[PDB]
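Okay, so here's the structure we're looking at.
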Amino acid sequence: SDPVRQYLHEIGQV
Amino acid sequence: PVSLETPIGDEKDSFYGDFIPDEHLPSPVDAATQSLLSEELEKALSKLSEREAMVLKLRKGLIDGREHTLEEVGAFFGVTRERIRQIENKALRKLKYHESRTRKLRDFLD
Amino acid sequence: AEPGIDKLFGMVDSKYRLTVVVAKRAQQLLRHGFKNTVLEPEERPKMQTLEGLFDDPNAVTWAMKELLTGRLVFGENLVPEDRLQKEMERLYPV
Amino acid sequence: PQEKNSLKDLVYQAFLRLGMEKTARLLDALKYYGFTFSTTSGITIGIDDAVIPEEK
Amino acid sequence: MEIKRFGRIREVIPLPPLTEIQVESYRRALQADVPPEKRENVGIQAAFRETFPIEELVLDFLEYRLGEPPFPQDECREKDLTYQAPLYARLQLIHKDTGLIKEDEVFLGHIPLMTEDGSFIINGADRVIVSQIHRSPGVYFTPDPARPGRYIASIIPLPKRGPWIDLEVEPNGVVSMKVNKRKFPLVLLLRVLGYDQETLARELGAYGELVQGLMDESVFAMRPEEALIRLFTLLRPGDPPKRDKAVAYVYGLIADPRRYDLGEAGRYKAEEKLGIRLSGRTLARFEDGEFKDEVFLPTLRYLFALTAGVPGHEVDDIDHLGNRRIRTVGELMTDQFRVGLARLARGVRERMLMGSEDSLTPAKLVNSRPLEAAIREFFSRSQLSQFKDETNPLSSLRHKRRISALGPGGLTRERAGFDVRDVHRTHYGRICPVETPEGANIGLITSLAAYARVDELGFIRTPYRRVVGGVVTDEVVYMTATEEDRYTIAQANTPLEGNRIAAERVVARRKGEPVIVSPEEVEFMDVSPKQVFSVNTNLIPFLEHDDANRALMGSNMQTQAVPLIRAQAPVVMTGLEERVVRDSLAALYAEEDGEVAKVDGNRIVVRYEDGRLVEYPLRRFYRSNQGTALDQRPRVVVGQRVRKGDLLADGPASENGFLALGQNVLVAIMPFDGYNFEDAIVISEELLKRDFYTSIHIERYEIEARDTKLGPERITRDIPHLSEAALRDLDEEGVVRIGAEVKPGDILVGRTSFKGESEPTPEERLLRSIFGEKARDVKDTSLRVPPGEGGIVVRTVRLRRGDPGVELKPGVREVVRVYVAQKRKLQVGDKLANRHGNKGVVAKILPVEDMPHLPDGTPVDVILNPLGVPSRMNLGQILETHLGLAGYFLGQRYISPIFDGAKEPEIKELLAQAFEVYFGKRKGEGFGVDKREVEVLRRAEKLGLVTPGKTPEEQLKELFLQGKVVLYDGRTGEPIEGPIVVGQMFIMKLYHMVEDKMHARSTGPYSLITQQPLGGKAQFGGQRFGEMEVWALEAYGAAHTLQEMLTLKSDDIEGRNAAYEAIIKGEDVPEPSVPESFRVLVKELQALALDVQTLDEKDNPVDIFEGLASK
Amino acid sequence: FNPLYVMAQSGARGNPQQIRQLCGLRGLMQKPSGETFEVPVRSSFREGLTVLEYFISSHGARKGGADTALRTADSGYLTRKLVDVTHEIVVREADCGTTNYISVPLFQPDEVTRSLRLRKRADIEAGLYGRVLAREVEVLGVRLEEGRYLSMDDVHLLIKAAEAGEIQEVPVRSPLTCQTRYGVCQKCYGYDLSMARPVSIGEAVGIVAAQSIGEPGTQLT
Amino acid sequence: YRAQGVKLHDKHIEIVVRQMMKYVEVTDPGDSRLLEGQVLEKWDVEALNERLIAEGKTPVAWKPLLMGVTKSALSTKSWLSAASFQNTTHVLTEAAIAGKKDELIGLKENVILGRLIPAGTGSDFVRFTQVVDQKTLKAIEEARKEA
Amino acid sequence: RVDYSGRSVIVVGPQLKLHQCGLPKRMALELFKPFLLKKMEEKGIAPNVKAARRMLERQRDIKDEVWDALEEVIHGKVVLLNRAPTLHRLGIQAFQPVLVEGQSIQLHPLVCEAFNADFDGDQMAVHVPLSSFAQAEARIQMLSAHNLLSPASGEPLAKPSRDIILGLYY
Amino acid sequence: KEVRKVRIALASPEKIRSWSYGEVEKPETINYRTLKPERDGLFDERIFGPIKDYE
DNA sequence: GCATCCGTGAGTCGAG
DNA sequence: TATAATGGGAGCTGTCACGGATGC
Ligand SMILES: [Mg+2]
Ligand SMILES: [Zn+2]
């Protein structure tokens, strides 16, 4: 629900 | 710039944009005035001859929206540019006279 | 209360029809400059000026009074609209 | 004695029998005389006009 | 004249400084007069101490100072300036590595100063910051609505200073904690705090079945670190559980004094409720690397003890005034200061990274813009910051004492049910039960009681006298509601001989409950009845005789009273009318004993004992926020000996130092020809003749001349196409001359604007050709007097660009202000009211000969309908009228205190003494009883008013003692058929005046998008014909009228134009067209990707845009 | 001829409870909880209250004001709902032709006596007045024809007949049973109550219904 | 209302109640296209069923439904009426999906359009009524006789 | 929001007939302004409409003949009075205006109940129905004297009250 | 013709493109100096029409 | 079937 | 245009009742 949190999570997968 | 939706008051009931007038679209009064002006102009132009009213209408753009040169109005009536300048000047002379007499078009001078 | 309002409501099946008849009649009177009136010179509605009695400018008052006389005919489909307008413009030019 | 209810009834019956225009006239008349008499009647309120019953 | 005061109640203490709730609060907040080293950590000081040191290089706070204001108050009001002081802070930058120290005093901007009277001047306008009531922080226990045998524990910090935490015992038996809408087992958090199964077992074991519900094996198995990471994964899912991140987050949520602040009041309430001591304002601590519990275990313990039904444990009443506190000016302002400071700190930390890590001063590190912005935002745009109400001095005095439950960090209006709007028993002596707004805000906006003061913690306290044995001391104790609940408090009117209680049975309160009690059981006693009510309510005489609903209106309406040129204090006062004027600061008094050297309209010079010569300038014809005139008049003469505290000048709405909100008029209570109908009021033309109810009002007009891309606007006397008649009262520069009378349509300031580029229509070409006159470059933009306004020009202010001391907003060459004044006589539609809630509009002004009159020829002033009394149940006005009659003839005024007043017998006595003067005079003058007086006496004994058989004089006196007299109808000469109540009543002219409210519009300005008329008199607006109005027209079946409202009279453009032209041509109005707002609706639905199609009967598209919107 | 008494009796102003507060005792007051105080207010406004009594009264005053304030929004909202639901209903014709109708009961079963008793006058008038008769009705030797709008007199006659045991209920045309599409018809509607006569075709009847139900809303306690 | 001393005719409450009972729910579709549990106006199912039973088809079995004034108002055939009431997005999404056509039957629709409402002087019953004076009337009559 | 509308404080007008209201002249001059311009043209008060309007713009340029003209304009016409909240259809009624000096609208006592109007400072709005049709609707359907009974109960709405009752009873 | 009905329906991207007089390619509103609308922006005269009549 | 969560509503006109 | 620099930050608490989808 929080686009920032989502994006940070995606970033953290690399 | 500032938001038209900027709130006025502590109630949610009013916006800033609500206090801003429209200066673009003519008011009922202004529209009325312009109409009356056209009608008084036609009334005054009817006191001329058809030809000398037509010369003025053609020269000032009341017809077709464009202001015709003396050479064009003259060529349109089959007369000389000097002839048309002359009938335009005597037309305008009669207009000014009828104006001094009836005082009709004065109030539209603002 | 409008004078003879009860009798006027008497003349109609629906009060709104009274309103329509009155309104349209007043439009007729205004359009033809009252010279189409069914009233007689002593029946003409009057208005008190500083000068004195003059014709009542109000067409709705006129129309209601006219209606009260009985000399007006109202209903649906009495005559084609164009024909009515033209016959009226022939009888009372503008 | 004429009071709210009787006067209301009067108005209604007058509406039925005499119609709108006359009832309007009746209403204006009732208004006029009512006011007129109300002023000369000598109705007022002093503190002694609220009367404590001995029974209290 | 003589002033006779009633009542036996002796008040041991005077009313407190009335604006002290404002003044002391702000004084404490700024600590300006305290030398920096001696400052307590509170207010601004506390904000700095909280924000600093800023760690990351380390920036630390030393001390702050406040300078003097750049401009005085009068100047600020004149120039649209905020009255304020420069704030500086001495900061030292330290490099912990190097040891290096750079220290400097940085300028943080300005902070607004409170004036002497407790108000502010913010951008030229006077404002009040209203105190805000709210729930006190602390730890509360409320019953759980779902499960009866269970409870909810709520931990509440200060607003914006933390999340609330709720402790609950779930149906499954496990104890849950709710934070930021997430719930978890409280046991986990306890484990993070370092609790072990042994400690919890020994501690909470006494309450049998719950502790096992607290027991969770897995949690006790894992050490506090694993529990901290686990808790963090519960609170912040998806965030990788780095241990330092977890420590930081939990600390920030719970133990961080920067992010979590219980009140000082929060702390005190917690300590008091749970019986513990807090090391600080946080729920836990971070000490020696781990977390240490503070709050949670005592609250859990109390919760369990309560559920178990252990004696000594109670639920909390959240509307109890022990649990509800006031946030005053200082606290609110300080909050915003703290916010701006935290932002400034964010900026500092960011600057401590970029740039050179070596060369930095404190001046380079600090940007004060966020702080300035937070404060400017609070004072300008907050809801609690209000345009001051200064209609009359009492208006502002009351405004400053108001208490709001609304505003930021508080209730919305839907959030307010019955519970909050209620009068709590604890409101006694603290918040007035009477003075609150009628309507939607009822119970939300309230007023501080007269003897009440807000303590340092923010709880309202009320004074009581100690009673030892049966003896009442003079020692007063201010108590909060919570402490008040402990004692048995006797009523203030309980009989006394000396200091001893003289009654065998006394009326007292125990926890608000009324009770009959022995003098031995009396611990305290009320100071006065005045302490129960607000300042406005305390100004209503015979209040005990007025129903509360009407008394409310009386209170509120005194606020609306307009200062009158002839204004007088009431003939019946309550004894507060002097104090109010004094505290208001409107009236002027002498500092020490002395002699008056000079007396002028403009100033008073006094030579004191000191020998020093002090000059007091007087404010003359100044315009208040509401446009009433504030002006001071000298009450002393040259060479007069004055003492300390003696009156020098009267302020507005005061007479010889007494509050004058109105006039004393001779009133008759009786119907008059229906002009009295339904609260309407009839008055005598004599009132206008003698200038009673006449008031001065000043309106301010303003105009700017600015730079345009088309060339400069100019303020000039040269205005295109205008007659000398039109320009007559304008000076060389184009500004109207002082002293000129201006009427609607008249020019105030002449201005020209460069005409926007346009091609003249061929019609204008022909016209211009006919008259041979060039169309001017400029248009007439002049400021004119609006419809219904106008008066005498009393002032002009002009401010140009390039002249000393003045700078305008960008683009603005010059600003002109014109002040226009008017003397307003009372007229039909103006509103009058008394202090008892009787209010009405003036419907008729009769010539004096039509006015009802006394036998001796004296006509009455006002005629009030008796029908207004019985349903309203306000009898105070009646008693006021009677005592006013007595006073009218005896030539005296009275002070009848609230609830200890003049009673009926005394009023009868005064009335008798009055009758002697009213009659005996006549008998001596050689006149006997009138024939008509005899007739009236006949009808009167028929009414049982007089005793039959007594002499006419005896009977007339019997009537006069009932406050009734014989009254003659000025029209007939015949008497009114019965004796009528006549006397002096105090009546005020309120701020609602027909002149201000009357408005009409034919055509006018329209809105941009909707093309519908604008709103309001000020915009020349049209009336709103709303949904309900439309319903009315529909129910009448009036279709064409309704259609007119929807089209020709609103947003149908073609239609309204055509209608105007038709009406001025005498033609009937045209058939209406499509309303522009429907086209707007269609395009707005197209913007939403919905296709809206108007169709004909054949289901073919109809184009209402007439080809204009289609390609 | 006392002024309070005269005003009260005439209906010019005042009602008994208000007069009771003036000359009588003020009476019992209620706590904020709604629970009543044991001690009443013995004083009357003529005598004047005691600060404790006055304060005790304020709770109820305030509760009343809050009641009102919060009620006007609820009534308003209701009215708007009613308008939105009934707005299309108009008298669109003279007779829909239905044979259906409703029988207005003149007797309510009484619970305490467990037997029928006569409904109150005004209730019957509210259910009867200005309605078209569904079937012919003969009572007390008078023939009320089918299709007759009931005058207030007609209603009084039916009530007197009911007292004489002649008739226990009245067949009547109603909007409930009306078959008119998008509205009602003149007959099923009846009197336009404001004119005491048959409603005119075209009257927007739904709006009037909503306004009629909605207007008193702020007075309901 | 009676308890508050408010005299109000049953008639009005009946108009409202009538609108409350306006709708029905299908128990069995019969030979129609309708679905079981589907809700529709009583008028429409009566017309449909008389169209089916006169066609020799099994009629729809339906049940009376009572819905409150809010729901009833929101369920009306007119989408301008419903969307101006409340729940504008819901009303408008379903209306827009369905390709719904507002027939401008009631008052609100016409008011929104700035039209002449179908009540009072706008009613089709009294709307077209003509007035003519006897002189012009007879003149026209002679004119129509001579053709 | 609509044109040809206005608002002011209301005052009792006992002397009024049931079909009348007091309407302040200054309000009337604005509300009827276009009609007034036309009439000012018919009578010689102004050369034309533009001059008439220019003449009404300044309050000191207003002579007494325009008031007589305005009296002529409003003849037989009615205005709508409205008071908020408009709870039922009698929240709006039609009255024939009687021009009055002074800034207050004068309201007839008998209609106070239907408007729930009183004299404690209530204000009302005025509207001018423009067309022959609207004016007809107002005079016939909406006129105060023509609606005497409650559309709700059928009982009399405009009826004696307060002072009137008091006097008659006395 | 007279309007007897109002239809409301979903709009294809095709219909939305048929309504459109141009594509707004730029976040620009009006020019900071001239105050005239910026080309291809939200106020563009080439898209939504001329600011002044017949000019 | 019955808890439960989410979304949607909550009087009018005036002024500001 | 090049030292190295590698996962955010502010939360908002005193309604209240209903319709309707969704969940064990
Ligand atoms: Mg009022
Ligand atoms: Zn029917």
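By convention here, the chains of the structure tokens are called A, B, ... in the order presented, each chain's residues are numbered starting at 1, and ligands are numbered starting at 1 in the order presented.
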
Item to complete: Find the spatial neighbours of residue C:34, counting only C-alpha atoms (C1' of nucleotides), within a cut-off of 12 Å - ignore same-chain residues fewer than 2 positions away - and output them as number ranges by chain.
Response: C: 25-32, 36-41, 44-45, 55-60, 62-63, 66, 92-94

For the residues in that selection, give me C-alpha atoms as a PDB file, in the first residue's frame.
```pdb
ATOM      1  CA  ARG C  25     -53.682  35.874 -22.697  1.00  0.00           C
ATOM      2  CA  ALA C  26     -51.412  38.457 -21.070  1.00  0.00           C
ATOM      3  CA  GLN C  27     -48.770  37.620 -23.689  1.00  0.00           C
ATOM      4  CA  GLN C  28     -51.392  38.260 -26.389  1.00  0.00           C
ATOM      5  CA  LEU C  29     -52.344  41.592 -24.842  1.00  0.00           C
ATOM      6  CA  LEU C  30     -48.727  42.739 -24.574  1.00  0.00           C
ATOM      7  CA  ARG C  31     -47.922  41.594 -28.106  1.00  0.00           C
ATOM      8  CA  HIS C  32     -50.889  43.356 -29.690  1.00  0.00           C
ATOM      9  CA  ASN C  36     -57.170  43.029 -28.945  1.00  0.00           C
ATOM     10  CA  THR C  37     -58.924  43.322 -25.571  1.00  0.00           C
ATOM     11  CA  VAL C  38     -62.438  41.992 -24.945  1.00  0.00           C
ATOM     12  CA  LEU C  39     -62.969  44.676 -22.305  1.00  0.00           C
ATOM     13  CA  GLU C  40     -65.131  47.762 -22.775  1.00  0.00           C
ATOM     14  CA  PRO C  41     -63.787  51.284 -22.091  1.00  0.00           C
ATOM     15  CA  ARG C  44     -60.581  48.775 -18.523  1.00  0.00           C
ATOM     16  CA  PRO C  45     -58.354  48.303 -15.445  1.00  0.00           C
ATOM     17  CA  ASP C  55     -54.689  52.272 -18.247  1.00  0.00           C
ATOM     18  CA  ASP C  56     -53.263  49.571 -15.969  1.00  0.00           C
ATOM     19  CA  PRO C  57     -49.939  48.550 -17.548  1.00  0.00           C
ATOM     20  CA  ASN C  58     -50.206  45.123 -15.955  1.00  0.00           C
ATOM     21  CA  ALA C  59     -51.342  42.565 -18.509  1.00  0.00           C
ATOM     22  CA  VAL C  60     -51.992  39.752 -16.027  1.00  0.00           C
ATOM     23  CA  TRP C  62     -56.214  42.670 -17.515  1.00  0.00           C
ATOM     24  CA  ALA C  63     -56.224  39.001 -18.519  1.00  0.00           C
ATOM     25  CA  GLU C  66     -61.189  39.587 -19.214  1.00  0.00           C
ATOM     26  CA  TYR C  92     -54.393  43.677 -34.868  1.00  0.00           C
ATOM     27  CA  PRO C  93     -51.121  44.563 -36.602  1.00  0.00           C
ATOM     28  CA  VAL C  94     -48.014  45.484 -34.599  1.00  0.00           C
TER      29      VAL C  94
END
```

Output as a Markdown table one row per residue of chain A within 9 Å of chain E: the closest atom pair and its distance in Å to one decimal place, counting only C-alpha atoms, sorted by chain and residue number ascending.
```
| residue | atom | partner | partner_atom | distance |
| --- | --- | --- | --- | --- |
| A:5 | CA | E:238 | CA | 8.0 |
| A:6 | CA | E:238 | CA | 8.7 |
| A:8 | CA | E:239 | CA | 8.9 |
| A:9 | CA | E:238 | CA | 7.2 |
```

Fill in: Nearby residues, ligand 2, 8 Å, only C-alpha atoms (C1' of nucleotides) and all ligand atoms, as a count of residues only
18

Item to complete: Please identify every polymer residue within 9 Å of ligand 1, using only C-alpha atoms (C1' of nucleotides) and all ligand atoms, and present the set as number ranges by chain.
Response: E: 679; H: 116-123

Discussion item. List as a list in words the protein and nucleic acid residues near residue I:54, meaning an atom at most 12 Å away when only C-alpha atoms (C1' of nucleotides) are counted, but skip any in the same chain fewer than 4 places from it.
Written reply: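 Close residues of residue I:54: residues 65 of chain B; 758 and 759 of chain E; 49 and 50 of chain I.
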
Discussion item. So the first atom is atom CA of residue E:24 and the second is atom CA of residue E:458; what is the distance between them in Å, to one decimal place?
Written reply: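 Going from atom CA of residue E:24 over to atom CA of residue E:458, I get 12.3 Å.
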
Worksheet entry | Proximal residues of chain F relative to chain D (only C-alpha atoms; 6 Å) as number ranges by chain | F: 10-11, 23

Worksheet entry | Test item, strand (DSSP E) assignment across chain G, answer as an MDAnalysis selection string | chainID G and resid 23:28 39:41 61:64 101:102 130:133

What does the file look like for those residues with N, CA and C atoms, as an mmCIF file, in the first residue's frame?
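New file part07.cif:
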```cif
data_model
loop_
_atom_site.group_PDB
_atom_site.id
_atom_site.type_symbol
_atom_site.label_atom_id
_atom_site.label_comp_id
_atom_site.auth_asym_id
_atom_site.auth_seq_id
_atom_site.Cartn_x
_atom_site.Cartn_y
_atom_site.Cartn_z
ATOM 1 N N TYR G 23 -40.462 -2.019 -5.424
ATOM 2 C CA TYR G 23 -39.621 -3.042 -6.062
ATOM 3 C C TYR G 23 -39.951 -4.480 -5.665
ATOM 4 N N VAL G 24 -39.616 -5.411 -6.554
ATOM 5 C CA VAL G 24 -39.832 -6.838 -6.334
ATOM 6 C C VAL G 24 -38.582 -7.660 -6.671
ATOM 7 N N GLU G 25 -38.529 -8.874 -6.127
ATOM 8 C CA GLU G 25 -37.420 -9.798 -6.381
ATOM 9 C C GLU G 25 -37.899 -11.088 -7.051
ATOM 10 N N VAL G 26 -37.240 -11.483 -8.137
ATOM 11 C CA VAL G 26 -37.631 -12.685 -8.877
ATOM 12 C C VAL G 26 -37.320 -13.986 -8.122
ATOM 13 N N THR G 27 -38.349 -14.801 -7.883
ATOM 14 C CA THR G 27 -38.174 -16.162 -7.353
ATOM 15 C C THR G 27 -37.897 -17.230 -8.420
ATOM 16 N N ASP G 28 -38.635 -17.177 -9.526
ATOM 17 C CA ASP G 28 -38.325 -18.007 -10.686
ATOM 18 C C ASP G 28 -38.499 -17.182 -11.952
ATOM 19 N N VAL G 39 -33.537 -8.114 -8.816
ATOM 20 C CA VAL G 39 -34.488 -7.110 -8.339
ATOM 21 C C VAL G 39 -34.897 -6.150 -9.459
ATOM 22 N N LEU G 40 -36.188 -5.816 -9.515
ATOM 23 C CA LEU G 40 -36.711 -4.889 -10.528
ATOM 24 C C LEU G 40 -38.031 -4.262 -10.084
ATOM 25 N N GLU G 41 -38.436 -3.171 -10.727
ATOM 26 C CA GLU G 41 -39.674 -2.487 -10.340
ATOM 27 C C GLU G 41 -40.907 -3.366 -10.563
ATOM 28 N N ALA G 61 -42.344 -15.731 -11.534
ATOM 29 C CA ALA G 61 -42.779 -15.773 -10.146
ATOM 30 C C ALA G 61 -41.935 -14.785 -9.362
ATOM 31 N N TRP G 62 -42.592 -13.853 -8.679
ATOM 32 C CA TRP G 62 -41.874 -12.825 -7.939
ATOM 33 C C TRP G 62 -42.386 -12.617 -6.521
ATOM 34 N N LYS G 63 -41.599 -11.884 -5.743
ATOM 35 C CA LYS G 63 -41.869 -11.648 -4.336
ATOM 36 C C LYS G 63 -41.829 -10.146 -4.047
ATOM 37 N N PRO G 64 -42.739 -9.671 -3.180
ATOM 38 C CA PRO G 64 -42.704 -8.269 -2.759
ATOM 39 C C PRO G 64 -41.455 -7.967 -1.937
ATOM 40 N N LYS G 101 -30.182 5.247 -20.156
ATOM 41 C CA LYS G 101 -30.791 6.456 -20.705
ATOM 42 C C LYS G 101 -31.810 7.045 -19.734
ATOM 43 N N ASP G 102 -31.601 8.308 -19.368
ATOM 44 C CA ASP G 102 -32.539 9.006 -18.495
ATOM 45 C C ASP G 102 -33.645 9.624 -19.340
ATOM 46 N N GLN G 130 -55.053 26.627 -25.096
ATOM 47 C CA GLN G 130 -55.066 27.866 -25.878
ATOM 48 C C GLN G 130 -56.150 28.822 -25.399
ATOM 49 N N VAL G 131 -55.897 30.121 -25.530
ATOM 50 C CA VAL G 131 -56.907 31.136 -25.263
ATOM 51 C C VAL G 131 -57.138 31.894 -26.549
ATOM 52 N N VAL G 132 -58.394 32.217 -26.831
ATOM 53 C CA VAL G 132 -58.706 33.067 -27.972
ATOM 54 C C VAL G 132 -59.964 33.888 -27.697
ATOM 55 N N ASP G 133 -59.967 35.140 -28.147
ATOM 56 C CA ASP G 133 -61.139 35.998 -27.994
ATOM 57 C C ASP G 133 -62.187 35.676 -29.056
#
```

Worksheet item: What are the DSSP alpha helix (DSSP H) residues of chain A, as JSON, numbers by chain?
Response: {"A": [3, 4, 5, 6, 7, 8, 9, 10, 11]}
